[PDB]
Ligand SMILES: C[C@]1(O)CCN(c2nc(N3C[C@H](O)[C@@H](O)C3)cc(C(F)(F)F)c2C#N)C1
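Only one chain comes next, encoded as structure tokens, the form deposited without the ligand.
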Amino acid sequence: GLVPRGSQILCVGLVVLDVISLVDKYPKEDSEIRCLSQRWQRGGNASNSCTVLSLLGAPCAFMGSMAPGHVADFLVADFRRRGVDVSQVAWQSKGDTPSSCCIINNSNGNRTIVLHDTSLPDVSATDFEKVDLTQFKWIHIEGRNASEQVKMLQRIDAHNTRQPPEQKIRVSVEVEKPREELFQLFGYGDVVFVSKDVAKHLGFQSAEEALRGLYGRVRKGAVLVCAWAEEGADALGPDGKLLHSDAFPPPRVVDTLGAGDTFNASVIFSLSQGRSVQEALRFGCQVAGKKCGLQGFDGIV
């Protein structure tokens, strides 16, 4: 139906069906064992950020690859359940909709993961060329297929060029996996989110070290953001003033799965609402903190 002009936040990236099983002891190959509990969860960075923005009170839309089937059916119903607009999905004729199987040992708490197959093609620049951008006030891209995502990001810059400053689409990028191909995405977006893993792999031993060491890579006037678990988060703008927020840990830590995604979405939300980078770092840390003492995303606000 009718989405008002420049009203939505779009998240471009991965959706996956995570089957999570809790077991007494790790299964030995060729065995038939019974789990304590089993959960079917909708995962993926851009998918999780959508759930959060819906819960935060934001009209939001997801854009990722899915193949028609029963896995896609569960995921779409979950998106819809979290009030996410699913009309921009790139429906693929060939490939398997991602599904990862996870095994949690009730004993040592260790996570054994069997990642989804590579069969499904990622969203292309041509798939993206087809999108009428006027309904989006902000577009967020989870770095995956950088070459292609660069063309998408050039398109938003092109769109923006012919628009008044009050009708310009704000853009954020996320470099979460420590893969070389992605490091070119640093040059795009008004807000750049770099992870602890990417920073550590690049050498940096802290968020100040990362932000001071990678700010050169950003486009003129961009804000480089880094969350460092318990150390809270830092942000660095074009003024050179390193901003910081201490973490807001929960009384006890329940589930940290999707905490960075909660951080990203909350920062995007705060900025989209006209708040300062400092007000936004604080908001992000408050919400990502509340989430960690919760099972899933129910009651994060």
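Basically, rigid core = biggest C-alpha set you can superpose within 1.5 Å across the two forms. A residue's number is simply how far along the shown sequence it sits, counting from 1.
Keep in mind that the form deposited with the ligand bound is not shown, yet the notes after this line are about it.
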Looking at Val171, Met152, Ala227, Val218, which has any heavy atom no more than 4.5 Å from the ligand in the deposited bound form?
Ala227
Tell me, yes or no, whether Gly237 is in contact with the ligand in the deposited bound form, where a contact means a heavy atom of each within 4.5 Å.
no
According to a 4.5 angstroms non-hydrogen atom cut-off, is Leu36 in contact with the ligand in the deposited bound form?
no
At the 4.5 Å heavy atom threshold, is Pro250 in contact with the ligand in the deposited bound form?
yes
Quick one: is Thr126 in contact with the ligand in the deposited bound form, heavy atoms, 4.5 Å cut-off?
no
Residue stretch of 227 to 235, 129 to 137, 183 to 191, 161 to 169 approaching the ligand in the deposited bound form, non-hydrogen atom distance within 4.5 Å
227 to 235
Core-aligned, between the shown form and the other one, one residue among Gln154, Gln167, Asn106, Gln205 moves its CA by 2 Å or more. Tell me which.
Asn106
Once the core is aligned, does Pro27 move its Cα by at least 2 Å between the shown form and the other one?
yes
Is the shift of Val253 between the shown form and the other one large enough to count as movement, that is, does its C-alpha move by 2 Å or more after the core is superposed?
no
Once everything's superposed on the core, is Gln38 shifted 2 Å or more at the Cα between the shown form and the other one?
yes
With a shift of at least 3 angstroms, figure out whether the C-alpha spacing between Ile113 and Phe204 grows or shrinks in the deposited bound form: closer or farther?
closer
